[PDB]
């Protein structure tokens, strides 16, 4: 590759930044202790320098010194069930399917789109991406695109495994009524016609309606905790017939889920709930297989989108792919490719036992908990967007990040360690690092705005606001150029772990542990289309906030858990609105 390698920030720089990031987020006493702990860790000839040298050696010996640690720490090691906790969802615009054939026509076209997109990929014909927004123009890593259809996430007892692929024939798994069918799409590079795909889908729907053939909803098992699924899967593996079906799923291109009519109204919020967890076993919750990277949902009632397994790639790459797919569906149906004789799709067989029956019950129950615990809302701020923000000589993203801090503070009376996905695709195999938005400058601003007794003059609030945005931007530039701290500290941490299972004080420190519990987890997932991305929180008492800034509006997808009496997605969305209004008034002085 011609891309530069992810940089290794200097040790002292990361340590200084770290302490500064956390001083206002911990007690004075605790900070003093951390100061001393860090001083000792990074002292000349100390442990810090020994680990740093080992990191430089690792940087030289690998293409990306953090890929492995990051992949495990961020996803594979996580034991939580994938739905809501990990797998984000992208919702397409509302569709209208008068008859079942309309649904199947859409699905056929979509599958065709997928096939031509994958052809462009297999031929390395996809135009190399370039940075836009902050520091734009340089080439970006394209590795993520190659993980779109060739990946499967295997459950494990303690750590999962991301399997990187091509089966011939090449096929897609179609799920209907919780039944999984193998739909071959490419014989000898012969790509079935959009007309033949329609015909095959009609057959699938028909078979998926046969009572005497209906099999147990095995898909449900993949919606459980990772350790739980790993165990139920071990039970399944005992039988040869199940071993075959799993493999088929494991080697498919993707899944195409023909969801049953949802029960509630088709609002952006409800359509997203369906994409996130399917609404539980009583709805479309089992018509899935979360281990597979991409699950395209085409429901009978018009609810469409794609459920994504996070570990193999991030939302930007995903959105580019989907927007291309949808654009391809806007583009005219080509000439035909006709298949005579056209074999019938194969239904994956499962040999269930009393054991598996119990596992299905548990998973059904576990999933229901996720469904009722998710507090989600799609909020569209329409007073203004990027256009107005740019007129304030401000970075939209930074401005929005600051708005979220103010919303959080005005509602809960404190700032908390916050996470914002910062793409580092400027470097080989680059995924993301973290932008810590809960800066000291943000604190000074939110306090001025909310502390009535201080009576801070509006002119001063404006100054603090601009400084907060300046600091947000500075950290953003720092992160996207690989000079931030999270990935750096992670590497040092795991390198030490290799030396001795007993981590240094540095990483046992309550300050470090606290710095990584992201009560406010966020990310910008911009899209030109009518679509939007959403996901749940990463901690029991936290929020998930994915926004899409447009010229005149800003879409906010807010999530939290009903279990935490302290959080509330409706209240937070309201606080976001008020925060944006307040900031607007401040800039209009």
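In this text, rigid core is short for the largest set of C-alphas that superpose within 1.5 Å between two forms. Numbering follows the first chain given and starts at 1.
**Student:** Comparing against the shown form in 6 other deposited structures of this protein, which stretch has the larger RMS C-alpha deviation after a rigid core superposition, 187 to 195 or 419 to 427?
**Tutor:** Higher root mean square deviation of C-alphas in 6 other deposited structures of this protein is shown by 187 to 195.
**Student:** Which stretch is less alike in 6 other deposited structures of this protein, 289 to 297 or 119 to 127, counting RMS CA distance after the rigid core is superposed?
**Tutor:** Clearly, after the core fit, the stretch farther away in 6 other deposited structures of this protein is 119 to 127.
**Student:** At least a third of the other compared entries: do they leave residue 284 without coordinates?
**Tutor:** No, residue 284 is modelled in every other compared entry.
**Student:** Hey, does residue 167 drop out of the model in a third or more of the other PDB entries compared here?
**Tutor:** Yes, residue 167 lacks coordinates in at least a third of the other entries compared.
**Student:** Which class fits the unmodelled deposited stretch between residue 165 and residue 166: none, 1 to 3, 4 to 9, or 10 or more?
**Tutor:** 4 to 9 residues are missing.
**Student:** Would you tell me which stretch averages the higher CA B-factor in the PDB entry, 184 to 192 or 512 to 520?
**Tutor:** The recorded data point to 184 to 192.
**Student:** Quick one: higher average CA temperature factor, 245 to 253 or 329 to 337?
**Tutor:** It is 329 to 337.
**Student:** Can you tell me which of 369, 271, 171, 386 has the maximum CA B-factor listed in the PDB entry?
**Tutor:** That would be 171, according to the entry.
**Student:** Can you tell me which of 75, 379, 399, 350 has the highest Cα temperature factor in the record?
**Tutor:** Result of the comparison over 75, 379, 399, 350: 350.
**Student:** C-alpha B factor of residue 452, ranked within the chain: lowest, middle or highest third?
**Tutor:** Its C-alpha B-factor, which the entry lists for residue 452, ranks in the highest third among residues of this chain.
**Student:** For the chain shown, is the CA B-factor of residue 58 in the lowest, middle or highest third of its modelled residues?
**Tutor:** Middle third.
**Student:** C-alpha B factor of residue 529, ranked within the chain: lowest, middle or highest third?
**Tutor:** Tercile = highest for this residue's CA B-factor.
**Student:** Using only modelled residues of the chain, where does the Cα B factor of residue 198 rank: lowest third, middle third or highest third?
**Tutor:** Tercile = highest for this residue's CA B-factor.
**Student:** Grab the CA temperature factor for residue 469 from the record and place it in the lowest, middle or highest third of its chain.
**Tutor:** Residue 469: CA B-factor falls in the lowest third of its chain.
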